[PDB]
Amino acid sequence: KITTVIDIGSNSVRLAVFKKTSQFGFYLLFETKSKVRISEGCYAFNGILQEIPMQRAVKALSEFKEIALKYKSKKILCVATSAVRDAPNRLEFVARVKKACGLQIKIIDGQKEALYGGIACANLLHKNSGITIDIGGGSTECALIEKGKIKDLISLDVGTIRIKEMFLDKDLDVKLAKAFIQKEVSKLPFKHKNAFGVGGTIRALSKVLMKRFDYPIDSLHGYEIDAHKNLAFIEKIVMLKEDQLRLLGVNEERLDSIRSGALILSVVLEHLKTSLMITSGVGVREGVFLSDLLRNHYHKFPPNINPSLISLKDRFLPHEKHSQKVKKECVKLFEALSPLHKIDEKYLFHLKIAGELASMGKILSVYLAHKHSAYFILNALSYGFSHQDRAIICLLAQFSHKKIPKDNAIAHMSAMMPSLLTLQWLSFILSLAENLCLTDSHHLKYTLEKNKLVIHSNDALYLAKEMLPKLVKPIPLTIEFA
C-alpha cells in the first residue's frame, strides 16, 4: 500500500513515500532531501569515505527511518550509488547504518542504476523515444528508450561533485576539465534527437530557463527545452561566479555543483546531437517503485493506462459512473459537428480526458467546481502529459459554460497551441455534453444540418433545455430537441 524509497546519492540523499491507490494508480505522498554529500574529499583518497560526511549520512538515514515509519509504510527499499559502490569502505558503511537505525542498504551498480532512470522515463513522460541523462554527484547514467523499451545502458564515471573536487577547485582551464569529460562521453554508442534530463543538477538548470523565459506553468516535470537554441547559454554557466548565479535563481545548496554539472550537460547534448531535451521530475526513486509495481507487466503500463490520470480519479472520484458517460457523449458530439469546426482528430485525447475530470473539483466545493477542476489538472496531471496537454485540458474545464479571453496566459504559452476558436469548440462540446449527462439520461443520438443541431432522445431533458441559454457558442448555430 505505502512504499518508501531512499536514494543515498553522492550529493543528495533523497526520500520518497509512494502510495498505491489501484492496480496501476500511485501518487507521491511525501518527498524530502538532504545535502549530506557523503563524497566530500573522497575522490582524492581513491574513494575513501571520510568520517565527517559518513556520520551525517547516519543521522539523515536514521531520521529518514522515522519518516517512513511515521507514514505507516510497509516496505522500505534503500539503494546506494556511485559514491558508495566505488568505495573501499563500502561494506563498512552498510554495516554501521544497521548499527544505528537498522536499514539494509542495497548497493546498485552503474548499469543497474541507469536501468531505473529509464524505467521512470519510459512510463512517466509524454515521449517514449529518447536518451535519459542522470547527471548526479559522482556518475552520469544514460539509457536509450525506444517506444517504451530500453535498449542499451551505460554508466559514465563522471559527476558534478567528482569533476568539481579535482578540476574546478584548482581553477584549471575550463577546457582542461572538458577533456576528462570527453574521455568518457565519447563512448556513448547511441544517438537520438530527444533527451530526458534527470537529476537535481539538470532540474536546477531547467528552473533557470523557465525563469528568464517567463514560463507561465510552474511545473518542471515535462518542460521541453530546445537543445540547439539553449546550448549556447548552458556552456556560459560555467563562466559565471556565485553572485551571477544567484540572480539567475540558483538555490544556495546548488551553487558549488551547478557550474560543474552545467559543463557535463553541454558535452552530452552536442555528442548526442539532441534537438529537444525534456526535464524529468522522476528519477531513481520512481524507477525503484515502478519496477515493483510493474514486475508482472514487463516494466511498462498497458495501453491507454496513465498512472497520473488513474491515481487522480481514485483520490477524488472513486465513483466515475457519472463522469464516464460525460466523456462518451463528447466523442459522438465531436464527429457530429466536424463540418462546422473541422478540428484535427488528435484533440479527442484532450477532450476525452477533460470530460472525465471536468467535474472532479466538486470534491472541494460545488461552487466554482470547474475552477477547482482546472486547478487540480494544472497541478497534478503530471505523469505522461506534456505542459501543452495539461494547458489544453485545464482551459477546457476552467472555461466551461463561459468564453475564453483573448489574452489568456495559459492559452498563449506556446506557438503550437490550438486557436481560441478551436478551444471554444472543445469547451462548447464539453459544456453541451455536461448538460445532456446531468440527469440519468440514456442512449442519445445527435445529427447536424447547416446550423441546426438536433438531439434525438426518448428522455424529457427538461433541465437540459432550461440552462441552454446559459451556453457560450463558438459560431452562430441552433440547438433543437426533437
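All residue numbers are counted from 1 along the displayed sequence.
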{"item": "Higher-scoring stretch by recorded Cα B factor average, 86-94 or 165-173", "value": "165-173"}
{"item": "Comparing 71-79 with 233-241, the one whose average Cα B-factor in the PDB entry is higher", "value": "233-241"}
{"item": "Highest recorded Cα temperature factor - choice among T279, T274, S359, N306", "value": "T274"}
{"item": "Largest Cα B-factor, entry values, listed residues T201, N408, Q398, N123", "value": "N408"}
{"item": "For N379, the third of its chain into which the C-alpha B factor falls", "value": "lowest"}
{"item": "Assigned third (lowest, middle, highest) for the C-alpha B factor of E31", "value": "lowest"}
{"item": "Chain third (lowest, middle, highest) by recorded CA B-factor, residue given as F334", "value": "highest"}
{"item": "Lowest, middle or highest third - CA B-factor, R285", "value": "lowest"}
{"item": "Chain-relative CA temperature factor third for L61", "value": "lowest"}
